[PDB]
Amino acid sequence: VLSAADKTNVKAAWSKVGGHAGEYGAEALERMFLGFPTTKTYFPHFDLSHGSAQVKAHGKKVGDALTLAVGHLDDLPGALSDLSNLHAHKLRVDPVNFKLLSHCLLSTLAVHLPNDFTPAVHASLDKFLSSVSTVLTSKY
């Protein structure tokens, strides 16, 4: 998200994603906990077990946070300025952790949508995922 051609790939690419957002939301998280273990300390209150209705019931929360932003490309600071006060104010999440989620979520999409995850779109998504990351780490 930013440039036109980019805001065009994101809405298009995400329609590809469609109603599998929370599933994917789930998986990305699952891939970041195992892959990048430190991230797991931000969730002491969590069933970090593979199958966890909790890790499973947050990916759907993350998926929707992301579907919304997709529909709010022209203004991200405002449409997430709660998630912004959440990750940055109440939780103190490190700006290097967002890349780990951005990497995982992308590694995932590549797993469920091989033909659609092309270079041009992969470019765009990386950008969209950088922008959203910024907004949330904006209160720093």
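All residue numbers refer to positions in the sequence shown, first residue = 1. The term rigid core refers to the most C-alpha atoms you can superpose between the two forms while keeping them within 1.5 Å.
A fit on the rigid core, followed by a root mean square over CA positions in 4 other deposited structures of this protein, ranks 38 to 46 against 62 to 70 and picks 38 to 46 as the more shifted one. Of the two segments 1 to 9 and 130 to 138, the one whose CA positions lie farther from the displayed form in 4 other deposited structures of this protein, once all are superposed on the rigid core, is 1 to 9. With 95 to 103 and 55 to 63 compared on mean CA B-factor from the PDB entry, the stretch scoring higher is 55 to 63. 107 to 115 and 73 to 81 differ in mean CA B-factor, and the higher of the two is recorded for 73 to 81. In the PDB entry, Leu86 places in the middle third of its chain by CA B-factor. Residue-level temperature factors show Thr137 in the middle third of its chain, judged at the C-alpha atom.
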